[PDB]
Q: 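Please find one structure pasted underneath; my questions will follow.
To find a chain, count down the sequence lines: A is the first, B the second, and so on, and within it residues start at 1. Atoms within each ligand, like the ligands themselves, are counted from 1 in listed order.
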2 protein chains.
Amino acid sequence: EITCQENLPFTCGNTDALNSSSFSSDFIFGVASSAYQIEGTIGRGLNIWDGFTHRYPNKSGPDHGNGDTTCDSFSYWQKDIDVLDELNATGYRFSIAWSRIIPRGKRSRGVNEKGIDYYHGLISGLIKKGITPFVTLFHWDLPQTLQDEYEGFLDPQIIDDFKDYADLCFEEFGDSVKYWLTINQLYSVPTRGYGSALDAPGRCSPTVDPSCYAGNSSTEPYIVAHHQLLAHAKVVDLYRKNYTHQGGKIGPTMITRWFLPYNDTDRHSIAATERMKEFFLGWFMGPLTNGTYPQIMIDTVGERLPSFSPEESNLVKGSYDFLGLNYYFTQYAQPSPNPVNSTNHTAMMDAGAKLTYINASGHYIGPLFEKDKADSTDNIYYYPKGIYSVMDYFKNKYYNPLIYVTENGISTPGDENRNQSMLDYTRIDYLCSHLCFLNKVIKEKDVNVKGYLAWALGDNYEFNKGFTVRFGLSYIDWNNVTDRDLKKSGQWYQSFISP
Amino acid sequence: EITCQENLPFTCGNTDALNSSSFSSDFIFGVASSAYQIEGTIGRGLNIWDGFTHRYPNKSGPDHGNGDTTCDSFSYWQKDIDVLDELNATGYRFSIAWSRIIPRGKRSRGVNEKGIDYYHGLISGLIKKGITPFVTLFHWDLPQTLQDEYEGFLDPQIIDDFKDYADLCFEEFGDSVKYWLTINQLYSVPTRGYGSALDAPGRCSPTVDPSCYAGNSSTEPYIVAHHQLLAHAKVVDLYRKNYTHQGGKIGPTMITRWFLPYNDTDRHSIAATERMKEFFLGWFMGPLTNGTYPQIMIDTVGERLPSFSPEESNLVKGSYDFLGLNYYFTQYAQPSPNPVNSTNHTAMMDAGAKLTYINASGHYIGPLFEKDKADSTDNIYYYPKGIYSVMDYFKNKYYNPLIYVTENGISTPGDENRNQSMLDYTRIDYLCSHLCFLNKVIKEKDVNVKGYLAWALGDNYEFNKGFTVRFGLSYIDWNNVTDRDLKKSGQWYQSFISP
Ligand SMILES: *[C@@H]1O[C@H](CO)[C@@H](O[C@@H]2O[C@H](CO)[C@@H](O[C@@H]3O[C@H](CO[C@H]4O[C@@H](CO)[C@@H](O)[C@H](O)[C@@H]4O)[C@@H](O)[C@H](O[C@H]4O[C@H](CO)[C@@H](O)[C@H](O)[C@@H]4O)[C@@H]3O[C@@H]3OC[C@@H](O)[C@H](O)[C@H]3O)[C@H](O)[C@H]2NC(C)=O)[C@H](O[C@@H]2O[C@@H](C)[C@@H](O)[C@@H](O)[C@@H]2O)[C@H]1NC(C)=O
Ligand SMILES: *[C@@H]1O[C@H](CO)[C@@H](O[C@@H]2O[C@H](CO)[C@@H](O[C@@H]3O[C@H](CO[C@H]4O[C@@H](CO)[C@@H](O)[C@H](O)[C@@H]4O)[C@@H](O)[C@H](O[C@H]4O[C@H](CO)[C@@H](O)[C@H](O)[C@@H]4O)[C@@H]3O[C@@H]3OC[C@@H](O)[C@H](O)[C@H]3O)[C@H](O)[C@H]2NC(C)=O)[C@H](O[C@@H]2O[C@@H](C)[C@@H](O)[C@@H](O)[C@@H]2O)[C@H]1NC(C)=O
Ligand SMILES: *[C@@H]1O[C@H](CO)[C@@H](O[C@@H]2O[C@H](CO)[C@@H](O[C@@H]3O[C@H](CO)[C@@H](O)[C@H](O)[C@@H]3O[C@@H]3OC[C@@H](O)[C@H](O)[C@H]3O)[C@H](O)[C@H]2NC(C)=O)[C@H](O[C@@H]2O[C@@H](C)[C@@H](O)[C@@H](O)[C@@H]2O)[C@H]1NC(C)=O
Ligand SMILES: *[C@@H]1O[C@H](CO)[C@@H](O[C@@H]2O[C@H](CO)[C@@H](O[C@@H]3O[C@H](CO)[C@@H](O)[C@H](O)[C@@H]3O[C@@H]3OC[C@@H](O)[C@H](O)[C@H]3O)[C@H](O)[C@H]2NC(C)=O)[C@H](O[C@@H]2O[C@@H](C)[C@@H](O)[C@@H](O)[C@@H]2O)[C@H]1NC(C)=O
Ligand SMILES: *[C@@H]1O[C@H](CO)[C@@H](O[C@@H]2O[C@H](CO)[C@@H](O)[C@H](O)[C@H]2NC(C)=O)[C@H](O)[C@H]1NC(C)=O
Ligand SMILES: *[C@@H]1O[C@H](CO)[C@@H](O[C@@H]2O[C@H](CO)[C@@H](O)[C@H](O)[C@H]2NC(C)=O)[C@H](O)[C@H]1NC(C)=O
Ligand SMILES: *[C@@H]1O[C@H](CO)[C@@H](O)[C@H](O)[C@H]1NC(C)=O
Ligand SMILES: *[C@@H]1O[C@H](CO)[C@@H](O)[C@H](O)[C@H]1NC(C)=O
Ligand SMILES: *[C@@H]1O[C@H](CO)[C@@H](O)[C@H](O)[C@H]1NC(C)=O
Ligand SMILES: *[C@@H]1O[C@H](CO)[C@@H](O)[C@H](O)[C@H]1NC(C)=O
Ligand SMILES: *[C@@H]1O[C@H](CO)[C@@H](O)[C@H](O)[C@H]1NC(C)=O
Ligand SMILES: *[C@@H]1O[C@H](CO)[C@@H](O)[C@H](O)[C@H]1NC(C)=O
Ligand SMILES: *[C@@H]1O[C@H](CO)[C@@H](O)[C@H](O)[C@H]1NC(C)=O
Ligand SMILES: *[C@@H]1O[C@H](CO)[C@@H](O)[C@H](O)[C@H]1NC(C)=O
Ligand SMILES: *[C@@H]1O[C@H](CO)[C@@H](O)[C@H](O)[C@H]1NC(C)=O
Ligand SMILES: *[C@@H]1O[C@H](CO)[C@@H](O)[C@H](O)[C@H]1NC(C)=O
Ligand SMILES: *[C@@H]1O[C@H](CO)[C@@H](O)[C@H](O)[C@H]1NC(C)=O
Ligand SMILES: *[C@@H]1O[C@H](CO)[C@@H](O)[C@H](O)[C@H]1NC(C)=O
Ligand SMILES: O=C1O[C@H]([C@@H](O)CO)C(O)=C1O
Ligand SMILES: O=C1O[C@H]([C@@H](O)CO)C(O)=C1O
Ligand SMILES: [Zn+2]
């Protein structure tokens with residue numbers, strides 16, 4: 001029987017009690033990254049994360065930091081492989097920058113052969129060290145040209161441009177890459193890029209944020225979500241019909257959270273919790289498993305929710321070989337009004353729920369996850385059992401999918417000095433406590449999880465936070481980015497993988 | 001009789017001998033800037049100078065510097081006006097960033113009202129202090145979307161997009177702006193952007209620079225030059241037909257140089273010198289005054305030189321109310337081969353001339369202009385009399401135009417400390433020695449020059465050089481860009497203007 005801790009102190013950092021041997025022999029362990037966050041702009045065209053961070057610098061991070069140079073994995077990709085090799089990792093998730101291989105967005109305008117070569121060298125280097133690539137085609141970094149021509153995922157023109165981009169990736173790299181991810185965290189761009197305008201491209205209703213250049217927070221998240229699902233599905237169809245000879249697998253990436261009732265004896269909080277599962281996970285998993293949005297979304301969102309044609313429904317339904325599930329934290333849910341007529345209405349209000357980390361009796365859900373210095377009542381707290389709950393829910397609700405955990409990690413403050421940053425025991429605690437629950441759910445519930453990739457390989461530009469927080473298992477000095485030095489967490493992870 | 005010095009030491013810094021009263025009472029004196037170089041990216045879309053400096057950082061400057069924040073004239077435009085007001089300047093040349101007012105390039109995609117407001121406030125502030133705006137519509141910063149959709153000025157689609165942009169500027173600002181410049185230094189983008197790939201967008205033939213993403217250095221400079229002339233001319237027609245009620249004037253900006261023979265008794269050097277005038281100035285002034293390219297260009301460039309239709313010729317011919325002439329230096333010319341079949345052929349080789357600052361008997365043309373630390377045989381030297389020669393030539397060759405000197409200045413090294421940088425006596429010398437010759441040419445040759453704008457108001461990002469050189473008459477600390485402090489040159493210029 002497996003027992004896992006939910007509260008500090010944790011004792012799962014002892015590799016005598018928890019290690020890779022605890023899991024099936026074929027289980028993949030590694031780390032993850034994304035292109036905007038690690039490569040730098042050298043050698044590529046411009047994308048909407050360059051555009052957003054430069055047009056709205058105070059949205060890029062408190063330090064106004066951006067991905068212009070970052071950890072320079074364009075130059076130091078070999079050093080990333082060296083970190084992986086030190087870990088004895090068997091998997092690495094990275095993304096391809098669309099703007100590095102088709103800087104002009106539309107494939108017919110030409111490809112960047114040197115960009116293609118960059119990824120060929122990285123892939124070859126990873127395979128030479130026994131590391132399985134998991135490659136994300138779209139980690140938010142849409143070529144700026146496409147956003148300027150037709151507002152990117154707001155328009156159905158995105159579907160064929162994304163399809164032609166993915167075709168080029170399959171053609172050039174699919175002889176070596178056998179695990180493909182289409183779109184990173186489906187929920188994120190619709191809500192943060194087109195709802196709150198916290199993320200690129202930065203569109204929203206005027207009264208939500210007067211800095212937005214255009215938008216409508218009530219309608220555009222649904223349009224963009226719909227186009228993401230159609231673009232994803234068109235790429236999966238292309239993969240499975242035209243690249244079956246490569247013997248690989250493809251899927252979307254979901255951001256997952258668990259939800260608990262803020263008051264577990266209050267039917268209204270219980271109902272808000274179930275609505276959050278549908279509006280946060282079902283928004284995408286309904287279409288991916290059934291070709292339709294959840295009924296509560298149909299009913300609430302009404303004319304603002306697009307319909308799938310029969311052909312579209314068929315395309316989307318079943319459009320995955322596996323799911324990449326990212327998981328960071330869980331929230332309590334309580335009822336909240338949905339003021340659809342308010343000029344500041346957002347799609348996120350349609351779930352009729354307010355989300356917290358503290359429940360009605362004052363209990364904080366778990367240990368600190370992210371401190372908010374401007375506002376400590378906005379601190380985020382984590383919940384190790386949430387990974388168990390999420391995976392169990394996916395197996396039961398969503399037809400026993402094949403899953404890879406494609407991100408899981410925690411930040412530490414950028415104000416810490418190097419010595420403090422390397423002594424990242426809070427990261428060991430976070431990662432081990434989740435891995436314990438992951439092993440427990442696989443054993444107890446027989447969820448088909450076959451790998452785990454921790455966020456992140458190294459310190460990098462964090463969306464929205466610049467360099468004010470660090471997520472790496474390896475440390476990068478921003479005054480001299482060449483080296484990636486394993487922190488205590490990376491050293492622990494090395495021992496967990498090879499105990 | 002006016003006597004001007006050509007060699008150090010100069011004595012024209014004494015405002016008892018040379019001042020604004022030396023010139024006609026209506027003569028305009030001020031300084032100049034450009035948008036990419038001073039504003040920062042905040043509040044605007046991305047353009048090809050953002051794209052180039054980020055994709056090819058070692059081309060942006062030795063320091064890899066770029067216009068991301070620069071002197072932050074987006075925030076500190078009032079401080080620029082304050083410098084002008086301190087100088088008692090009567091003119092200021094600045095540019096409008098296309099990407100700030102139509103971030104999506106094509107006007108039908110929407111305008112950025114806050115961008116429009118920025119320029120309205122600057123213009124209102126300048127007029128309130130008695131400063132005449134001279135506004136450049138295009139100072140090289142083409143929206144990146146247009147370069148990605150159709151390669152910008154390489155395609156005739158640029159004509160109508162530039163026309164719709166200029167129409168918006170006339171409509172919004174032309175009630176207050178009465179001097180408009182269309183395209184900055186016509187020669188520069190064709191040659192450096194599409195020939196040598198030293199400037200954005202960075203296209204060239206493969207063997208010229210293997211880093212170029214695409215191009216053909218032999219053909220594309222001529223295509224882009226031709227489209228610049230047509231786009232310019234379409235905007236001048238629009239101005240003069242639709243905005244005559246505003247009572248303003250419009251013209252192109254030329255970069256001018258004078259040319260002297262490397263050996264003034266050698267007919268081959270003399271012929272190269274005359275070919276350089278035609279290929280450097282006549283390439284654009286032929287079409288602007290006659291609707292045709294110079295005959296030597298027709299003969300040499302052959303099928304690589306586009307033709308104007310009769311309608312186009314008529315549109316281009318006479319398409320100016322005045323000329324903005326930038327002038328920095330003069331070169332000696334000697335013959336050089338034109339290897340049109342070489343894979344590394346460039347349009348710049350078609351003139352059949354090699355350019356130097358030292359003549360055949362070893363004479364350096366004048367005082368140091370720009371030191372090249374990697375290569376001192378590549379140092380640039382200036383020649384005060386060249387401004388006299390250029391203006392005389394324009395009056396005689398090009399039909400006695402109305403001229404404003406829209407740039408003239410000199411850099412000092414970014415390695416100098418603040419105290420050295422403020423003690424910029426070499427800049428006083430450069431500016432005064434040119435102003436003496438300018439006054440002399442106006443008096444002796446009756447050239448219709450009506451203003452002079454020194455480059456630059458303040459230190460800024462210098463194209464190709466980052467922050468490794470300074471051009472300002474006012475000093476900016478890159479660790480805290482708010483203040484613009486008048487250097488010795490700015491203090492001198494203040495006394496020259498109000499003696
Ligand atoms: C999995 O996908 C299946 C579909 O492949 C989902 O089942 C479909 O569920 C929908 C409701 O979402 C049912 O549609 C309703 O059909 C009524 C019956 O119509 C048929 O007979 C008529 C009925 O009197 C008639 O006019 C119609 O032309 C047919 O003959 C409808 O009136 C409903 O429309 C009203 O409600 C809509 C909102 O739900 C609203 O948008 C409409 O304006 C209308 O007011 C609805 O009809 C749908 O109307 C919209 C139009 O775009 C659609 O094409 C139209 O079908 C389907 O009948 C049902 N299909 C079948 C094959 O069962 C399934 O839904 C789950 O299961 C069903 C049983 C139900 O419990 C759902 O609530 C639950 O979500 C999806 N499963 C999951 C887990 O989501
Ligand atoms: C100012 O603009 C005026 C034009 O508005 C320039 O004058 C034009 O100059 C051109 C040369 O550049 C002369 O064109 C030549 O005309 C010959 C005579 O053709 C006429 O009679 C025929 C001749 O036997 C016949 O086929 C033709 O159809 C006419 O009836 C031509 O053969 C020349 O073409 C050869 O040379 C071309 C290169 O110059 C080459 O490109 C052609 O393939 C061809 O091999 C040329 O014809 C021109 O051919 C190209 C085609 O695209 C043009 O439409 C075609 O005209 C013009 O006759 C002359 N026009 C007039 C009204 O004078 C003027 O040029 C300057 O002055 C002229 C006198 C001359 O000295 C030029 O060398 C000098 O540049 C421009 N001024 C300035 C300062 O540039
Ligand atoms: C978890 O949710 C439960 C279920 O909602 C909360 O328990 C309920 O709390 C209500 C108070 O918020 C109770 O109602 C009150 O009852 C007293 C005694 O009769 C009465 O004087 C009140 O005015 C009020 O009555 C309601 O008034 C509004 C009407 O519309 C409604 O019909 C009335 O019921 C309610 O009885 C109670 N329900 C149950 C099943 O116990 C619970 O609140 C916590 O426990 C209750 C017992 C009470 O001690 C609250 O102070 C305490 O917050 C909530 N848990 C937490 C931690 O918030
Ligand atoms: C400025 O340009 C002028 C004109 O080109 C240069 O003067 C010319 O310089 C040529 C040497 O480069 C002279 O030709 C040489 O004459 C000597 C004496 O006869 C002879 O032995 C040579 O082999 C050579 O002759 C030429 O050989 C090549 C043949 O194709 C051609 O037909 C022959 O002429 C030439 O006479 C001379 N021309 C004139 C009008 O003086 C001038 O060069 C400078 O001055 C000359 C006098 C000489 O002292 C050169 O050493 C000195 O560089 C050049 N000025 C400069 C500073 O470079
Ligand atoms: C968001 O777009 C929606 C839909 O175009 C706008 O909502 C409509 O508001 C129009 C004008 O009031 C109403 O007539 C419709 O009944 C509403 N339609 C629906 C589907 O709700 C909404 O006003 C726009 N929001 C912003 C801030 O522009
Ligand atoms: C530049 O473009 C020119 C014109 O397309 C190319 O020049 C031609 O080369 C083609 C192939 O040799 C020849 O058949 C033509 O006779 C040449 N045409 C002319 C107008 O010169 C040139 O090769 C391209 N340069 C590069 C480096 O691509
Ligand atoms: C691995 O952990 C298991 C418990 O899951 C333990 O029994 C085994 O001894 C550990 N391996 C090592 C080498 O410590
Ligand atoms: C941040 O930037 C936007 C302009 O992009 C501005 O509207 C807002 O006032 C600034 N935020 C703060 C809190 O200063
Ligand atoms: C498959 O590739 C072929 C050849 O390029 C193409 O005709 C077909 O449309 C593609 N298919 C998809 C997405 O099925
Ligand atoms: C608008 O929304 C903010 C956040 O959604 C909220 O605090 C405020 O009450 C809202 N105002 C109106 C008029 O609804
Ligand atoms: C930067 O870091 C690398 C790796 O440690 C080191 O070899 C190099 O000398 C360092 N550069 C400077 C300027 O210190
Ligand atoms: C690498 O992991 C393999 C598989 O568990 C193990 O056999 C090998 O010893 C490990 N290598 C190192 C250096 O830890
Ligand atoms: C201005 O310079 C002129 C010579 O051009 C001189 O005669 C006049 O006195 C000077 N003005 C002052 C105030 O020094
Ligand atoms: C500068 O950058 C380009 C890539 O953009 C590269 O090809 C070239 O080698 C670099 N130049 C030098 C001298 O290092
Ligand atoms: C003038 O403006 C009118 C009205 O918009 C337009 O019809 C006409 O085409 C414009 N003209 C130019 C460039 O002459
Ligand atoms: C190519 O050009 C460089 C500069 O133009 C020159 O030094 C070299 O000789 C040229 N080579 C050939 C093959 O022409
Ligand atoms: C920056 O310069 C401005 C103007 O001199 C000054 O007022 C401000 O305090 C300075 N900021 C810092 C951080 O020194
Ligand atoms: C401004 O220049 C005008 C015109 O020459 C002059 O009358 C006025 O005194 C000058 N102001 C200052 C403060 O120098
Ligand atoms: O729950 C979530 O986790 C991440 C991130 O906030 C972790 O730092 C994200 O992008 C979600 O929406
Ligand atoms: O002659 C010229 O002067 C300038 C510049 O080099 C001055 O620094 C330029 O852009 C030309 O082509
Ligand atoms: Zn940047």
Q: Starting from atom 19 (C) of ligand 6, which protein heavy atom do you reach first, and at what distance in Å?
A: B:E303 OE1, 4.6 Å
Q: Among protein heavy atoms, which lies nearest atom 21 (O) of ligand 6, and at what distance?
A: B:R304 CD, 4.5 Å
Q: With B:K354 as reference, evaluate B:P337, B:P335, B:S336 under the side-chain contact (heavy atoms from CB on, under 4.5 Å) test and give the passing residue.
A: B:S336
Q: Between B:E416 and B:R470 (salt bridge meaning N to carboxylate O under 4.0 Å), is one present in this structure?
A: no
Q: Which ligand 6 atoms are under 4.0 Å away from a heavy-atom of B:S205?
A: 27 (C)
Q: Please write down residue, atom name and distance for the protein heavy atom closest to atom 22 (C) of ligand 6.
A: B:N216 ND2, 3.8 Å
Q: Can you find a protein heavy atom closer to atom 25 (N) of ligand 6 than 4.0 Å?
A: yes
Q: Pick from A:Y461, A:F94, A:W140: which one makes a ring pair (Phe, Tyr, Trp, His ring centres under 6.0 Å) with A:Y36?
A: A:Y461
Q: Which ligand 14 atoms, with their elements, are less than 4.0 angstrom from a heavy-atom of B:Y56?
A: 5 (O)
Q: What's the shortest distance from atom 4 (C) of ligand 6 to any protein heavy atom, and which residue and atom give it?
A: B:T219 CG2, 3.9 Å
Q: Hey, is atom 13 (C) of ligand 6 touched by any protein heavy atom at less than 4.0 Å?
A: no
Q: Count the heavy atoms of every other residue, nucleotide or ligand shown that sit under 6.0 Å from CG of B:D415, and state whether that count exceeds 12.
A: no
Q: Salt bridge or not for B:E220 and B:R304, using N-O below 4.0 Å?
A: no
Q: Is NZ or CZ of A:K79 both nearer than 6.0 Å to the six-membered ring centre of A:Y76 and within 45° of the ring axis?
A: no
Q: Tell me: protein heavy atom nearest atom 5 (O) of ligand 17, and distance?
A: B:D483 OD2, 2.5 Å
Q: Is A:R107 positioned over the aromatic face of A:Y165, cation under 6.0 angstrom from the ring centre and no more than 45 degrees off axis?
A: no
Q: Determine, for A:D50 against A:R55, whether the closest basic-nitrogen to carboxylate-oxygen distance falls under 4.0 angstrom.
A: no
Q: At what distance is the nearest protein heavy atom to atom 4 (C) of ligand 14, and which residue and atom is it?
A: B:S211 CB, 4.2 Å
Q: Could you see which bit of B:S218 sits under 4.0 Å from ligand 6, with heavy atoms only: side chain, backbone, both or neither?
A: neither
Q: Do any non-hydrogen protein atoms sit less than 4.0 Å from atom 10 (C) of ligand 6?
A: no
Q: In terms of residue, atom name and distance, what is the protein heavy atom nearest to atom 9 (O) of ligand 14?
A: B:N58 ND2, 5.0 Å
Q: For atom 11 (N) of ligand 17, decide whether some protein heavy-atom distance is shorter than 4.0 Å.
A: yes
Q: As a quick check of understanding, evaluate side-chain contact (heavy atoms from CB on, under 4.5 Å) for A:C71 and A:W478, giving each step before the final call.
A: CA-CA 8 Å; A:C71 48; A:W478 300 121; 4.0 Å; yes
Q: For atom 14 (O) of ligand 17, what is the nearest protein heavy atom, given as residue, atom name and distance?
A: B:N480 ND2, 3.8 Å
Q: Exactly one of B:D80, B:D477, B:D459 should register a salt bridge (charged side-chain N to carboxylate O under 4.0 Å, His left out) with B:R484. Which one does?
A: B:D80
Q: Is atom 28 (O) of ligand 6 less than 4.0 angstrom from some protein heavy atom?
A: yes
